[PDB]
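Trainee: For reference, the structure I am asking about is given below.
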Amino acid sequence: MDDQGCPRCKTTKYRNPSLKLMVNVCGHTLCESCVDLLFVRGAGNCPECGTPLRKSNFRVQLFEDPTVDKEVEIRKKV
Amino acid sequence: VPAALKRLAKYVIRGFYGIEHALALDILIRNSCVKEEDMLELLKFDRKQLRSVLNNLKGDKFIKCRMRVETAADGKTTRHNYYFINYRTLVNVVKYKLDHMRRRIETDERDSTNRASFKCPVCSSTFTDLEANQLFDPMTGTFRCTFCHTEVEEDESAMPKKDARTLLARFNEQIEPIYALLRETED
Amino acid sequence: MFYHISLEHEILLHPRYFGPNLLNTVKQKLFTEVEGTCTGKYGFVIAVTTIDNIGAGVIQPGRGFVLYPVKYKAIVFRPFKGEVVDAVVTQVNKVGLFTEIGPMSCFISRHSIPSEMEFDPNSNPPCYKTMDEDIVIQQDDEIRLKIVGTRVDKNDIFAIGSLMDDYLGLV
Amino acid sequence: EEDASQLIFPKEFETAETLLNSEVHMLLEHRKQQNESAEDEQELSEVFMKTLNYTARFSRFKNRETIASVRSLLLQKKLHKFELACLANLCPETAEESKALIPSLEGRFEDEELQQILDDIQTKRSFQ
Ligand SMILES: [Zn+2]
Ligand SMILES: [Zn+2]
Ligand SMILES: [Zn+2]
């Protein structure tokens, strides 16, 4: 509704509002379609940031702000 | 006939069809129903030229045709074909045509996901990473092609994925004006 | 998980083996034929624990050979995808880790090795170690891996291992 | 088609019995004695040797009484043979580890019951 789109693939926002963003330690927004792409190849790194990730390392987090996404996970962990 | 229907029909017709289709549709837009003979004389198109265009409009069912039979003043039988635009089927067919792209676009993404990475440079055969280990030769310590007994390459599989993904992404970005028109015409 | 199952196998006994000690010969031939062999359906067979039954030997017309259907209790192991299994690393290379799980051999691709790991080729025994050196994975060590998938070829089964999940790796 | 995480197995492996590595080691040791006895017969395959070495290293119980005690005690619990085999073989140290390794384990028993079962197995285990 409010998010304009993911830098990797934004069609999901226009397609339907039921899909949720996947958070990563990368502090970089990614979505379900990207999840499938990383599982088949290069599961060890972010598609553009190149930061290493343990396989998918994807978790459901619906905040629009990736910093809040990361901080909320930091919040719990801390 | 709300103007939103006319705008949507004109946008999709001028967007994905030739001017012949647009001009014919504008006639059916300017007048709710027009005879094939009238459209033929107006457009100055040939019979097969217009009929093929109308067949295309019949293919996507954007327009409907009804046949009227009457006797002319001289007594000869006359069978006139009256064509009209069916906004209901048009909006339904474009919704399918567009949501089929999404299925086809995501199918192309799934293809970009499934397109086998390894390949043989001699016979130009592509091998799946599951099959590559089957094809692995312990004596050489590397992938080879059974038919060619030659090394198998792996790095060239990124180029087609990158290139196609740009088209797929740019398609989703440009299609948004029609999606907005659809949201405005859902009623 | 290891499984104990009854297996169906047909012994085509050559006529020279008929007469006395025939059934003993069938038992001997069964062990000889099934033990040390692997099949995609049941996996590797370790040993025949016992024989459930020896069916009536059907004499093959023209062949002269007698076909004995045999039911035998044996122990087998099959790797199942989406399962964690204990493994021992056999060989370590920059491409990945080769591990052994009983009769099956599993490979862990570099892409499936955790981000914290890094290959240390200068070390005499090749090994993967963490940036902080907290854990090191080398040859002949106790590790747990996730069976990502199972493959069978030339009567051999080999799986793909992953250490990305928690509780995996050196234990 | 088959997924242990989803507890999905083919009918071929439904009536089948799951054996622990300690139990499999016992069977191989029996086969060893049987092959070592009545000398000059066919020698064991490397498959046997590889499996024996692997299963011996992971053998959690070196005494028949401990295996029988663990097996008889676990059968009392309302747990599937696959869950019990995984439990008695993997022997996780904590309930959280057991839930992490076996995602289907959740909801079968409470944290205290699950941990108590694991603690009992740890006590039943023989340490060297
Ligand atoms: Zn996306
Ligand atoms: Zn990133
Ligand atoms: Zn080739």
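Letters A, B, ... mark the chains of the structure tokens in the order given; residue numbers begin at 1 per chain; ligand numbers begin at 1, in order shown.
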Got a sec: who's within 12 Å of residue A:2, counting only C-alpha atoms, leaving out chain neighbours fewer than 5 positions off, as a list in words?
Mentor: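 Near residue A:2, the qualifying residues are residues 13, 14, 17, 62, 63, 64 and 65 of chain A.
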Trainee: Let me have all residues with an atom within 12 Å of ligand 2, counting only C-alpha atoms and all ligand atoms, laid out as a list in words.
Mentor: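 These are the residues that qualify: residues 6, 7, 8, 22, 23, 24, 25, 26, 27, 28, 29, 30, 31, 34, 38, 44, 45, 46, 47, 48, 49, 50, 51, 52, 53, 56, 57, 58 and 66 of chain A.
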Trainee: Extract, using only C-alpha atoms, all DNA, RNA and protein residues at most 7 Å from residue D:25, discarding same-chain residues fewer than 4 positions from it, and format them as a PyMOL selection string.
Mentor: chain D and resi 21+29+52+55-56
Trainee: Around ligand 3, out to 6 Å and counting only C-alpha atoms and all ligand atoms, which residues are there? I want them as JSON, numbers by chain.
Mentor: {"B": [120, 122, 123, 125, 145, 147, 148]}
Trainee: Go ahead and write the selection's residues with C-alpha atoms as a tab-separated table (two decimals), in the first residue's frame.
Mentor:
chain	number	residue	atom	x	y	z
B	120	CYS	CA	29.73	-28.00	-22.96
B	122	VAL	CA	31.96	-28.28	-28.10
B	123	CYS	CA	28.39	-29.50	-28.69
B	125	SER	CA	24.82	-28.59	-24.64
B	145	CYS	CA	30.87	-33.99	-21.73
B	147	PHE	CA	29.67	-37.16	-26.08
B	148	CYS	CA	32.60	-34.77	-26.54
Trainee: Pick out the closest residue to chain C from this set: D:15, D:69, D:33, D:94. Count only C-alpha atoms.
Mentor: D:15
Trainee: Would you please give, as a PyMOL selection string, all residues of chain D that DSSP assigns to alpha helix (DSSP H) based on the backbone?
Mentor: chain D and resi 21-36+46-57+64-76+81-90+95-101+111-124
Trainee: Quick one: which residues from chain C are at most 10 Å off chain D, using only C-alpha atoms, as a VMD selection string?
Mentor: chain C and resid 1 to 6 28 31 to 32 35 to 38 41 to 42 44 to 49 75 to 77 79 to 88 100 to 104 142 146 165 to 168
Trainee: I'd like the interatomic distance between atom CA of residue B:74 and atom CA of residue B:31, to a tenth of an Å.
Mentor: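 Those two atoms sit 28.9 Å apart.
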Trainee: Could you state the separation of atom CA of residue A:60 and atom CA of residue D:107 in Å, given to one decimal place?
Mentor: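 Computing it gives 22.9 Å between the two atoms.
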Trainee: What is the atom CA of residue B:77 to atom CA of residue B:24 distance in Å?
Mentor: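 Separation between atom CA of residue B:77 and atom CA of residue B:24: 26.8 Å.
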Trainee: Pull out every residue of chain B that has at least one atom within 9 Å of chain A, counting only C-alpha atoms, and report them as number ranges by chain.
Mentor: B: 102, 106, 109-110, 112-114, 169, 172-173, 176, 179
Trainee: Using only C-alpha atoms, find each residue in chain C having at least one atom no more than 9 Å away from chain A; report its shortest atom-to-atom pair and that distance in Å (one decimal), rows by chain then rising number, as CSV.
Mentor:
residue,atom,partner,partner_atom,distance
C:110,CA,A:44,CA,8.9
C:111,CA,A:44,CA,5.7
C:112,CA,A:55,CA,7.1
C:113,CA,A:44,CA,8.2
C:114,CA,A:54,CA,5.9
C:115,CA,A:52,CA,5.9
C:116,CA,A:54,CA,8.8
C:164,CA,A:54,CA,5.6
C:165,CA,A:54,CA,7.9
Trainee: Filtering to C-alpha atoms, could you give me those residues as a PDB file, in the first residue's frame?
Mentor:
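result-v2.pdb was written with the following content:
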ATOM      1  CA  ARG C 110      31.358 -24.240  -0.839  1.00  0.00           C
ATOM      2  CA  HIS C 111      28.093 -22.307  -1.291  1.00  0.00           C
ATOM      3  CA  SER C 112      26.578 -24.374   1.541  1.00  0.00           C
ATOM      4  CA  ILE C 113      29.512 -23.835   3.909  1.00  0.00           C
ATOM      5  CA  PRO C 114      28.634 -21.162   6.515  1.00  0.00           C
ATOM      6  CA  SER C 115      29.667 -17.542   5.911  1.00  0.00           C
ATOM      7  CA  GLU C 116      31.923 -17.629   8.997  1.00  0.00           C
ATOM      8  CA  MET C 164      24.164 -23.232   7.358  1.00  0.00           C
ATOM      9  CA  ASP C 165      21.479 -24.166   9.893  1.00  0.00           C
TER      10      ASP C 165
END
